[PDB]
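# output the structure for:
(chains A and B)
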Amino acid sequence: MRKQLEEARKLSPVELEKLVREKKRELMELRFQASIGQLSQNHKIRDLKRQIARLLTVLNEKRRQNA
RNA sequence: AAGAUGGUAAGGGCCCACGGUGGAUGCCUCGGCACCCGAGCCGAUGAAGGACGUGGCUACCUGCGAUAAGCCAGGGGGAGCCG
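Numbers count the residues shown, from 1 in each chain, chains lettered A, B, ... in the order given. Next comes the structure:
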């Protein structure tokens, strides 16, 4: 959804790395707990893999502004 | 008493019906063939062609490559979709 790109265009220098470290953390427990809880997701593994890629496109756009 | 002496089928044949095994003929085709026209090179910014991985659960083809049944901009389209 566009509201993540609403705010992600602002954050230029270094904080966008540690803001996607924790969003990898947020799928680590989903990938662990897809063998016990295992049901109320199937949103959650495939939504996060898209909202990491749409935060790592802008991270290289805002470095090809330099190179 | 001297009779053409004859009616039986472990089994065999010919013909007529009724079923099994087999896959020819008829009718089709998302696949080919031969002539015509539009067109006619990619590559160390690393090619043609491949190995291995990627779906919540996956064996095999297709699509993609650690962002991996995908991401960001521009146009078309107008309604149901997650090969």
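# every contact and neighbour count from this point should use C-alpha atoms.
Noted.
# skipping adjacent residues, who's closest to the residue nearest the centre of chain A in space?
Centroid-nearest residue in chain A: residue A:52, 2.7 Å away (criterion: C-alpha atoms, centre = their mean). In space, and not counting its chain neighbours, residue A:52 is closest to residue A:20: 6.8 Å by C-alpha to C-alpha, 6 or more residues apart in numbering.
# next SSE downstream of the helix or strand hosting residue A:31?
Assigned by DSSP states H and E, residue A:31 falls within helix A:15-32. Following helix A:15-32 in sequence order, the next helix or strand is helix A:44-56 (DSSP H and E).
# and the contacts of the helix holding residue A:31?
Residues outside helix A:15-32 that contact it (C-alpha atoms under 8 Å, 6 or more residues apart in numbering) are A:8, A:44, A:45, A:48, A:52, A:55, A:59.
# may I see the buried residues of it?
The neighbour-count check on helix A:15-32 (16 or more other C-alpha atoms under 10 Å) flags A:16, A:20, A:27, A:30 as buried.
# quick one: end-to-end length of stretch A:35-44, please.
14 Å (C-alpha to C-alpha, to the nearest Å).
# ok, that stretch near RNA strand B or not?
Yes. Using C-alpha under 7 Å from any atom of the strand, stretch A:35-44 reaches RNA strand B at residue A:42.
# residue A:42: neighbour count?
11 (other C-alpha atoms under 10 Å).
# ok, now residue A:59?
19.
# grab the nearest non-local neighbour of it.
residue A:16 (7.1 Å).
# and that neighbour, how far is that from residue A:55?
Residue A:16 is 8 Å from residue A:55, by C-alpha to C-alpha.
# joint contacts of those two?
With C-alpha under 8 Å, 6+ apart as the test, residue A:16 and residue A:55 both reach residue A:8.
# which residue packs closest to residue A:12, ignoring adjacent ones?
residue A:62 (6.6 Å).
# so the one you found touches residue A:14, yeah?
No. Counting by C-alpha atoms under 8 Å, residue A:62 does not reach residue A:14; the two are 10.7 Å apart.
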